[PDB]
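Engineer: My questions all concern the structure below.
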There are 2 protein chains.
Amino acid sequence: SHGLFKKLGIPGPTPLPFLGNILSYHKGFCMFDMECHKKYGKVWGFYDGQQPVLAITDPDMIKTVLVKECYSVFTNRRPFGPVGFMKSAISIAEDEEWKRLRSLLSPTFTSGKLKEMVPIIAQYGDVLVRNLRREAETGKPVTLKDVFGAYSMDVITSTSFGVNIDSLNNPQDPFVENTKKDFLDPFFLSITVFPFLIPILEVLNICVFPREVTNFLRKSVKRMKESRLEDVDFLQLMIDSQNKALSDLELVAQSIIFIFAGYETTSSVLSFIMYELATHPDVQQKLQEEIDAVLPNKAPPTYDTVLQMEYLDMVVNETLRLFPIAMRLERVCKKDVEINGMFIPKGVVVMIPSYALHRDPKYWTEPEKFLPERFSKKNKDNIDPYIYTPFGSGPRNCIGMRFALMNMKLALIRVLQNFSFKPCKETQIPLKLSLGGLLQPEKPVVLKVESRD
Amino acid sequence: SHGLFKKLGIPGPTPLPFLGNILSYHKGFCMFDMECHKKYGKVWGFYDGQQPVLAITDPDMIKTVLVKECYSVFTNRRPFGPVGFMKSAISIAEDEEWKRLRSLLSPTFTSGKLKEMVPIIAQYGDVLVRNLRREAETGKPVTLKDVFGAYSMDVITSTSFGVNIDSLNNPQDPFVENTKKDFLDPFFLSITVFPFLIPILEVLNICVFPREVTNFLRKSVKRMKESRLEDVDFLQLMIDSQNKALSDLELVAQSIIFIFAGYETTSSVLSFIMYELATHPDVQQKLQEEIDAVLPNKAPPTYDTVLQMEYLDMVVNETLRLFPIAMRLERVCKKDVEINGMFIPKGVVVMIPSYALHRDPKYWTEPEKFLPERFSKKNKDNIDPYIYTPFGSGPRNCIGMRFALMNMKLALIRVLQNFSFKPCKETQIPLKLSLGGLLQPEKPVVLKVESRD
Ligand code: HEM
Ligand code: HEM
Ligand SMILES: CC(C)(C)OC(=O)N[C@@H](CS[C@@H](Cc1ccccc1)C(=O)NCCCc1cccnc1)Cc1cccc2ccccc12
Ligand SMILES: CC(C)(C)OC(=O)N[C@@H](CS[C@@H](Cc1ccccc1)C(=O)NCCCc1cccnc1)Cc1cccc2ccccc12
């Protein structure tokens, strides 16, 4: 299998037998993508075990894969097992089972439903404030991934099930635990070298999702379903949709995938944002000023005031450019095709190296720097929406994007209304990224929180 | 997985864990199909390991699967590994790779090409006669599977490569051996219980085709290709087609599958025919008379005289009804569908129990008896072409049917022109079928050959 890219005349590193190029992952997906872009140029290939991965960087080519030829050729992401019943999760389903779930859950993430979810997301920003203030009156450095992880979990439970917990002070509630539990850890590298073992593990009901987590949430949902039936969150929006319609095991899968999609992403991004704010105190100050110009007297943000804050949107987008937590985007080529002059054989995984593209000098001036002005209403027109893809692009992009941006912004407004964030001596400057398989700091971000009082 | 047919309300035997119903194969596919038709009626289900197989017997339903919904829903047969490069063999390829090979090789089996192949198939009938006459002048019972196996091989080599051998007297020629080498033998039952092992064996290049056979024929073809290039058989018909076009490894796969398709089928059917002729000497006598009425003075049969013999066609079809060497027909349901009022879930293998249908009293009077008159020009109109399916039906039926019928008939004319076949004391009467996984006699058919001289 290791003669395909050599046969198509596509450059790339030379693969060892069995392993492919996976030894190149010793410095992380992102460093390997960067080195590969620099070495081989616009298009290259490599092998995840025996799996040919063809990396592309042409905006027209990226556009054709993610948007134009989605329903026909590039419909699925690369397979993932063992998954068990999570096969029905939208992000894992394939072909016509996805296209059906994508429709049942699309009206769940409309602007109308999202503005309604704002008051509930607003109540736990206040919870975050009081909890941050307890840590601000003491004088001890704050770990963001904990205080934000507690907040991100607070929004999920309330916006997906109506379960109302202060998870930071209730870290030992049974509903809070099922969730805090890396494609370069020993198991998945083994899966990439021995993918012939996935069908073994699937017949043994061994699931990459912990079987106790999914067993707890499955019965926890069926309790909520028959307590409301009969006597604003995602579950209620999915129950109303099954009233082709959403099944009862399908509905529990999506609820899990919503948490598993929304938890460490929301938490880890606010951490990258607050890091950048504290190491560029000017940007934090201007953001604090725009916040107080729109919401004077520490006013509670609303849906419309959040869309009014332009410098806030710039800080978010610039952070996501720096740290695009997907790192990559991937589609499985289900048929032989020629797009933009390049023949792609069936079965190849086409990959768009997001992190690398977001840091390419040929598209960004001083790409390593934190310059929110790249996205000002003046310059935001010069950015190719296929070079900047933090939520991906096309019919299979992030279905929760609007919710994510609105969630993270409501947090930042309330937190910056009341506090200022200054680096510590133990704050890692410059921040270094984890050489693992997840986009995250090598050491958790720790900052000093002060009160505007 | 073992709750599907119970959920759809479809009757059938109860499956043990892991095994499914495979213990019911202890008396052969055919006895199990018969018992199942009698017990459960028109539609039933069972499990090959974990694989749901839904058996159908409604002619309209059979018609929809094999003909109407072929290109959309029921395009492939149930998977088969480990196969290696024989994935490209027409009978194994899937979806759009099959539909392309089916077209490249369809004009190879036209009536025009087949009438041209008749003189070459005629030369080795004479070889068979002299060889049978050597065994007729002695006085020793003749094993048909050897004398016919030698003949069937003779037609293949000459009609597929131009290789001209008297295989019966040259049993030790290297080209003759690569070919004489059961889905109920230990390996394939293991594959049916542990199908998660096929991807293991495929990455070990272990192939159900012997790797020495395919390595011999691969290089043997590339010798013929460049000796004709540049300086009437199947290879030449496939070389002219690649002049989307047929590849060089694709072309060797089909050549193998033509032998492997045409060898034990042609050989074993003539054996079933000569058995029935010898145990019904009246039918053999009438067939001998029709043969001599069309070809007087032991004339050499031609293409048109073969299509003129009506009682010969009746003997063939009635034998194939009795012994339909496919036993079953199978299609993999690639999408959820409802046909003829029955919902079929995606992935289920739909199976048509040919052998059972060919022996159903509700469609055949005295079905166990050898009555060639069922197919006379009077009664041949009352036979549902979906109840009688010796070559299957629809766009994925036997591509070599015309060649097979013409091949077996030319053999029978020449053999019956010169000899008469009478049972032995060691001839198994009534013939008993192998309880294994292939349709064949439990003991090889042995008959006494006499000369009309
Ligand atoms: C900062 C927050 C987030 C970022 C940066 C992000 C990014 C992404 C990206 C890049 C993709 C793949 C898009 C593609 O393949 O082109 C994706 C998919 C997805 N996201 Fe997110 N995401 C975020 C938050 C969320 C949230 C809060 C949810 C809540 C439900 C969510 C649900 C999903 C789902 C279901 C998919 C799979 C979509 C599909 O396969 O149809 N995401 N996200
Ligand atoms: C008495 C002789 C034969 C009988 C009874 C027979 C019967 C069958 C049957 C029942 C099928 C499956 C049809 C279906 O799925 O509906 C089949 C397929 C096939 N046969 Fe035969 N066959 C015979 C001889 C031959 C010969 C001589 C060849 C020579 C090339 C051949 C080539 C094929 C191929 C390639 C397929 C697969 C077709 C496809 O998948 O497109 N067969 N045969
Ligand atoms: C690794 C491999 C090459 C084999 O398969 C990919 O190609 N890797 C995608 C699968 S990881 C997986 C992680 C996970 C699974 C189940 C439950 C929770 C997490 C996954 O399916 N999560 C789906 C959506 C979760 C999500 C996370 C972040 C943002 N939004 C949604 C990685 C992947 C798939 C789909 C969307 C993604 C979005 C961002 C980052 C990775 C995403
Ligand atoms: C057993 C399983 C349920 C997993 O898979 C089926 O469903 N079993 C079909 C595969 S057996 C296989 C045997 C074979 C393979 C490779 C080389 C030679 C023989 C096969 O692929 N041979 C394809 C065509 C050969 C042929 C034989 C007889 C007549 N014409 C053609 C069985 C099967 C598939 C396709 C056509 C068949 C025709 C008659 C009988 C069986 C046929």
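By order of appearance in the structure tokens: chains A, B, ..., then residues from 1 within every chain, and ligands from 1 in the order shown.
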Please return, as a list in words, all residues of chain B lying within 10 Å of chain A when only C-alpha atoms are considered.
Structural biologist: residues 1, 18, 50, 96, 97, 194, 195, 196, 197, 198, 199, 200, 201, 202, 203 and 335 of chain B
Engineer: Please identify the residues whose atoms come within 9 Å of ligand 4, using only C-alpha atoms and all ligand atoms, and report them as a PyMOL selection string.
Structural biologist: chain B and resi 48+77-81+83+86+89-92+182-183+188+191-192+208-209+256-266+324-331+349+351+390-392+396-401
Engineer: May I ask for the distance between atom CA of residue 22 of chain B and atom CA of residue 190 of chain B, given in Å to one decimal place?
Structural biologist: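 Separation between atom CA of residue 22 of chain B and atom CA of residue 190 of chain B: 10.5 Å.
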Engineer: How far is it from atom CA of residue 422 of chain B to atom CA of residue 447 of chain B, in Å with one decimal?
Structural biologist: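 Here the two named atoms are 6.0 Å from each other.
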Engineer: Just checking: using only C-alpha atoms, which residue out of B:4, B:142, B:239, B:150 ends up closest to residue 104 of chain B?
Structural biologist: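 Among the listed residues, the smallest separation from residue 104 of chain B belongs to B:239.
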Engineer: Find the spatial neighbours of segment 242-252 of chain A, counting only C-alpha atoms, within a cut-off of 12 Å - ignore same-chain residues fewer than 2 positions away - and output them as a VMD selection string.
Structural biologist: (chain A and resid 84 to 90 92 to 93 96 to 105 160 to 161 213 to 225 229 234 to 240 254 to 259) or (chain B and resid 336)
